[PDB]
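We begin with a single chain expressed as structure tokens, specifically the form deposited in one PDB entry.
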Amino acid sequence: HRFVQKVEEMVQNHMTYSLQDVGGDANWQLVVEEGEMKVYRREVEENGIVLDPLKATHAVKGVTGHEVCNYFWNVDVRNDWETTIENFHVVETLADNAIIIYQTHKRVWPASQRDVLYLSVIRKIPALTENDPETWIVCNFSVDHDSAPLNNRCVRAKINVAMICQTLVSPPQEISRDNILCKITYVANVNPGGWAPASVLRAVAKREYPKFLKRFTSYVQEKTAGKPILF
């Protein structure tokens, strides 16, 4: 499909940069910590527009990276966990693992409602060596599409989001979900697409990202509990 090169560039950039430890960078601040979930943000505002890169890490017992990515990507289960949208639909299927999605978000007062149009791709990155972890990644990044032009009711946000998963399995005869731990890195780089009050945007991000990470990961645990493991 026409976006294959763009997908590869986006995936490679995440694998090169998004897994780099930000812990030693004074510009990256821990904003939320609960259990194994840590949420960090770098405050960035250019021409009044809040761009604050967000990075979270989590460690989720009893689920695999393949499972987590499947649930994050699969549009059929989207409304079971997502809480920030008014509607979404699939604009185009590019491949078995790549779709283009249009969605409108819930309005955050006092700003205009935001919409987004993004390619969502799920990819397995095989281990190259014995000690290299296998990675499952979902990348959601803005693309243009003639069937979803700009409209007069919403401001079009631009996003680059990834959910990046590596799975640790402890030696057991068969593997139990008690033996598996999914290490998650989630990154979100969002351009709100126009002015919005900085304090409001930052408060909403601080609330909504951990709320999502907790809700979504608990959902995957709930939906996979008692079921055969999909590695």
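Only residues modelled in both forms are compared. Each form is matched to the other, and the largest set of C-alpha atoms that superpose within 1.5 Å is called the rigid core. All residue numbers are counted from 1 along the displayed sequence.
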Does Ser176, which is modelled here, drop out in at least a third of the other compared PDB entries? no
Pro172-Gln173 interval: deposited residues absent from the model: 1 to 3
Where do the C-alpha atoms have the higher mean temperature factor in this entry, in 124-132 or in 100-108? 124-132
Tell me which stretch has the larger mean Cα B-factor in this entry, 151-159 or 138-146. 151-159
Among the candidates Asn189, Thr64, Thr185, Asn47, give the one with the maximum CA B-factor reported in the record. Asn47
What third of the chain does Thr57 rank in for C-alpha temperature factor, lowest, middle or highest? lowest
Cα B factor band for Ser218 (lowest, middle or highest third within the chain): middle
Within this chain, which third does the Cα B-factor at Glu82 fall in: lowest, middle or highest? middle
Going by the CA temperature factor in the PDB record, which third of the chain does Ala203 belong to: lowest, middle or highest? middle
Where does the C-alpha B-factor of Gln166 rank in its chain, lowest, middle or highest third? lowest
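Form deposited in another entry: not shown, discussed below.
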Tell me, please, whether between the shown form and the other one the C-alpha of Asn151 is shifted by 2 Å or more, with the rigid core used for superposition. yes
Quick one: once the rigid core is lined up, does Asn27 have its C-alpha move by 2 Å or more between the shown form and the other one? yes
Evidently the Cα separation of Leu150 and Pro192 changes by 3 Å or more in the other entry, so the atoms lie farther
After core alignment, residue runs (3 or more) whose Cα moves 2 Å or more between the shown form and the other one: 21-27, 149-152
